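Report on one structure; see the data block that follows.
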There are 2 protein chains.
Amino acid sequence: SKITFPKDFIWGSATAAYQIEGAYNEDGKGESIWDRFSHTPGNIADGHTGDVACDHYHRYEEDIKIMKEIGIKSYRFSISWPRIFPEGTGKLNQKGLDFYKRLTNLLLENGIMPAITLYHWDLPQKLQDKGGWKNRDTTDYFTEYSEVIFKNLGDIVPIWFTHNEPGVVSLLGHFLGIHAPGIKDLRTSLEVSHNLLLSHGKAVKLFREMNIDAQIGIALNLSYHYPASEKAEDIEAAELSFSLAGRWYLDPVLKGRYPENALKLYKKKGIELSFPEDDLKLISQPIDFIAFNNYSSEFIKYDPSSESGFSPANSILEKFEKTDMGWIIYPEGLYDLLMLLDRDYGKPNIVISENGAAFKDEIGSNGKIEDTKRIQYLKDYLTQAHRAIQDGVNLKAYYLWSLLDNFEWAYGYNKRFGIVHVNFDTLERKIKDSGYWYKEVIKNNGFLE
Amino acid sequence: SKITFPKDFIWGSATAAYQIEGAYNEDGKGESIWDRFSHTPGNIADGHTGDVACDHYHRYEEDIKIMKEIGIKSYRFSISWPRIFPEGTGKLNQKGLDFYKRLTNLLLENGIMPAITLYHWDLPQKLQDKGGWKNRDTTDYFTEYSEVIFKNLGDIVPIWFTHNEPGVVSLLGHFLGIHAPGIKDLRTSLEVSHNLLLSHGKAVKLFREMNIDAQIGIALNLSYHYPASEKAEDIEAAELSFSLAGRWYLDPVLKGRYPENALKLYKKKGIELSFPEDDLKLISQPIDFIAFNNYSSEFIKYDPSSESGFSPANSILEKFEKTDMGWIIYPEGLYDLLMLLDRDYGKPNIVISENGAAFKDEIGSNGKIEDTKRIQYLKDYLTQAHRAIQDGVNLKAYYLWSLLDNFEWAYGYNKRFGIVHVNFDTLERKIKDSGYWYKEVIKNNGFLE
């Protein structure tokens, strides 16, 4: 029927600093927890690292020329804290500022709109030696680094994101220890989650003290959690999952409270931590939008066997086509989530910081990546993005993960979310057909479903 | 019978940069191969690191005050290449220069004589990413860093050392892989040995050209290798040891050649390497003294089972008292060595860069270390040091390993060579009776054995 998005609708594409930049020990960059986690056997697939990656630190001219060829209206990227403070606090590395100052000024001049994320998982490894995000002092040092970025880049950068997916940091990084910094303790994982949100609060508070003419938010990891069957135990098992997962960070930020059903689950395993009541008021600090990262959806069943009181319903999930990551494809799962954010947090302004997919790419005998599946995935999800805007959602932006094939954390370079293929041996970019598609979607401001 | 050393004789004590300094990521210091090797499980005992160590970087005032309170006339220490050049070459780091500038000036102003080692194993990790010592271009970068140190600290600082124990670096670090950078390939272990020596040559050749009013040398790991029995297979086995071990580095430096018997061992397992045979004239470059590091002596027997063609004669070695390291005590094994270097290399000027011993220390109820064994060890070895000077040897200096308790590489902090006890929780120095002994031994010159 032709879908057309709002005229003012910002199209964009996203990347992260460690994932693409490289140059892990150049121009006075301090070590990050990821440099350190990446160097140790057993952590990354095939013993990959982010030492070189896409080498975006040197080749950012070539990238921007590509970005403009496709003609994205907004490039979402991450600032490396260790390039701005190698020691987390103290001596400013002016080289690392200049790089991001330059990059932003090349974006503005090429008519592309900058969208900065202030913490995309790096954490200087020096703050990790004094406890990292467990040491509350880190939340102040985050604010110092936030301050210096705002002074320099404040006004000229419209869209800000304090943190990317604090959910995965605390869960994978501090409880399961298959992300950096590789810690494995439940109590610590909950102390960090708080200390992260607090750090978001302190940045917003400072962002209002300075009065930067720009919009700030927080990028959360969010999926819809559907019950396995419309039965009291399974509906409740799902509501507890979403609470432990995405509502644990949504409710403190937007409702100035932690979800009760989750908190009860923690104390039933003999764990309470007395969050000071003032900290939640500081976390709840009003924000100009909520941003989130979606890819799939979860199907939870009741399970006394898991100490959680629930588990995935693998019976149901083995009915969907799966991405290369093993994650189900379910486009409507996006719509229902948008509607959940609309009908639980007061019709806020919504941004999509990340949405995309990972399929096995090849360069064919024609020297081209014909990733019809990625394209299929994309347009399916974007039809449900549109559907939600039609039914009254305030979705202001869509950022495609990712612009470039990059370092996918504990999977290494074995998974490609890029719309621009990157050969990690030659560092040659080949714009995918999902790149050329996206270009036309931005131009036409839609596609004929 | 009282022994008295020459009146000019320089008494000293020795430490290394990574073993005491700490501040492993402060004031722009680049990562080293040791920082990297320490941070990986299964390398260092009890997962110990040199991240903090004795924290000499911040507490050097205190450590000089002690150095002056005890006699010592010269302090031998190591400069961290990564503090000078974080990337091994290119951008300076003036904060790293100023630290070692300031340190040396406090030594000259407290009437103590500086003795600098230029490479004590902390190769910048960036150069290890481009092949490290196996990439010949590291032997040029070594010279660049040497240049900058000579410009600033050349004429002041009388004693220099190009390398520390390049025998261990190549054997442990690049064949056995139990030292940094952890590599396990024989071929690569000999290519590095050559590249290290070559790097020594280039530094001495650059020294002079600049015309620095001071003496340069090289600190080599050196024992004596006694045959198990006075038999043709055992005498020869012992000669082939030594040749692999210490002579491999002695002969190239002082004779301009590699030991034949050894080279013949390496071609018998199908391994040659084309020495450009003019590098060897650059390595052989005359040098003002030869320095070495002795602790024990080896007793080799013939062994067709060991693909070496020899092994330790455990039958004999189990008749000596043993240090905490498991190394035999044999004082006369110093003398015979001091006669072997005196005979076979043209009565050179000799320095002892290191001697000392590791015994289990306790703080008694009197809050004092009564390390009678360390004192016993010391005086036993020094008596044979004297004996060699009486029988003609040109031994100009003795440096006690070590001033402080430190990071003993793969053994962690489990081993104490120090004459100054260091508590690696509090960082409190308690001078170790062996310390107080050594103060009197410097003041009255020798001692009554």
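All Cβ positions, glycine included, derive from the backbone under ideal geometry; neighbour counts span all protein chains shown. Read the figures in this text as sums done on the coordinates, not as results from a lab.
Worth pointing out:
- Prolate/oblate/rounded call for segment B:303-385, Cα gyration tensor, a/c under 1.5 rounded: oblate
- Listed residues B:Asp288, B:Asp405, B:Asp27, most fluctuating in chain B (Gaussian network, C-alpha, under 10 Å): B:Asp27
- Chain A shape via C-alpha gyration tensor axes, a/c threshold 1.5: rounded
- A:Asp140-B:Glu260 pseudo-label distance in nm [points 7 Å out on the Cα-to-Cβ vector]: 7.2 nm
- Per-pair calculated FRET efficiency, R0 = 51 Å: A:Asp391 and A:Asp425 via Cβ, rounded to 0.05: 0.60
- Rule-of-thumb Rg ratio for segment A:169-209 [Cα; 2.2 N^0.38 Å; N residues]: 1.36
- When the Cα positions of B:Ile116, B:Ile33, B:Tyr377 are compared along the charge dipole of chain B, B:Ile116 comes out farthest toward the positive end, with charges on each C-beta of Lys, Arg, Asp and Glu.
- Residue (of A:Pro82, A:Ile389, A:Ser434) at the positive-pole extreme of chain A, dipole from beta-carbon charges: A:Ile389
- ³J(HN,Hα), Karplus 6.51/-1.76/1.60, whole Hz, each residue of segment B:225-230, x for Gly, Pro: 10, 7, x, 5, 9, 6
- Other copies of A:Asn105: label-to-label distances in nm, shortest first, labels 7 Å along the beta-carbon direction: 3.7
- Beta-bridge orientation, the protein assembly as shown: approximately 25 percent antiparallel, per DSSP, counting only bridges with both partners inside.
- Only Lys, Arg (+1) and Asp, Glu (-1) charged, at Cβ; chain B dipole about Cα centre in debye: 520 debye
- Segment A:233-350 shape via C-alpha gyration tensor axes, a/c threshold 1.5: oblate
- Gaussian network model of chain A, Cα within-10 Å springs - most flexible of A:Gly412, A:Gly42, A:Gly154: A:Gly42
- Simple point charges give the picture: +1 on the Cβ of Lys and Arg, -1 on the Cβ of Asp and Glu, and for segment A:379-449 a dipole about the Cα centre of about 140 debye.
- Burial ordering of A:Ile183, A:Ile419, fewest other beta-carbon atoms within 10 Å first: A:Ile183, A:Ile419
- As a length-normalised measure over Cα pairs under 8 Å and 6 or more apart, the relative contact order of chain A settles at 19 percent.
- Highest mobility in the GNM of chain B, judged by mean-square fluctuation with C-alpha springs under 10 Å and restricted to B:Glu318, B:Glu144, B:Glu165, is found for B:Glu318.
- Rounded FRET efficiency, nearest 0.05, which uses the C-beta distance separating A:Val52 from B:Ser308 and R0 of 30 Å: 0.15
- Of the trypsin sites (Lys or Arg not before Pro) in segment B:301-380, those whose Cβ has at most 11 other Cβ within 10 Å and which sit in DSSP loop: B:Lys319, B:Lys360
- Rounded to the nearest 0.05, the FRET efficiency derived from the C-beta distance between B:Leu186 and A:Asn105 at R0 = 60 Å is 0.70.
- At most 13 other Cβ within 10 Å, DSSP loop - GluC sites (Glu not before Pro), segment A:330-405: A:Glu362
- Charge dipole of segment A:190-311 about the Cα centre (unit charges at C-beta), most positive-ward option of A:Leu263, A:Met210, A:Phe242: A:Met210
- Annotation: the residues B:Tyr302, B:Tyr18, sorted from fewest to most other C-beta atoms within 10 Å of their own C-beta, follow the order B:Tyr302, B:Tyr18.
- In this structure, the pairs whose alpha-carbon distance is over 23 Å, taken from A:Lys101/B:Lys101; B:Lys65/B:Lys151; A:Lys73/A:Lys432; A:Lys430/B:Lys91, are A:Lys101/B:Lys101; B:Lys65/B:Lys151; A:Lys430/B:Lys91.
- Approximate spin-label separation A:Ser229-A:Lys73, in nm, with each point projected 7 Å along Cα-to-Cβ: 4.7 nm
- Beta bridges by DSSP in segment B:301-449, antiparallel share as percent, to the nearest 5: 55 percent
- Put a dot 7 Å past the Cα of B:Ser365, heading toward its Cβ, do the same for A:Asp278, and the two dots end up 5.1 nm apart.
- Taking every residue in B:170-178 and counting other chain Cβ atoms within 10 Å of its Cβ, the average works out to 0.
- Equivalent-ellipsoid semi-axes of the protein assembly as shown, from the Cα gyration tensor, Å, largest first: 61, 29, 26
- Remark: for residue pairs A:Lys130/A:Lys415; B:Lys264/B:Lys319; B:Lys2/B:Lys68; A:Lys2/A:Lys439; A:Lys322/A:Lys439, the C-alpha separation exceeds 24 Å in A:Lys130/A:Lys415; B:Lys264/B:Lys319; B:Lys2/B:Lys68; A:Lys322/A:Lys439.
- Likely footprinting exposure, A:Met325, B:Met210, fewest C-beta neighbours within 10 Å first: B:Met210, A:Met325
- Per residue, chain B reaches -11000 deg cm²/dmol at 222 nm when only DSSP H runs of four or more residues are counted, each adding -39500 (n - 2.57).
- Percent of beta bridges antiparallel (DSSP, chain A, rounded to nearest 5): 25 percent
- For the protein assembly as shown, a crude dipole built from +1 on the beta carbon of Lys and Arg and -1 on the beta carbon of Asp and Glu, taken about the Cα centre, is about 820 debye to the nearest 20.
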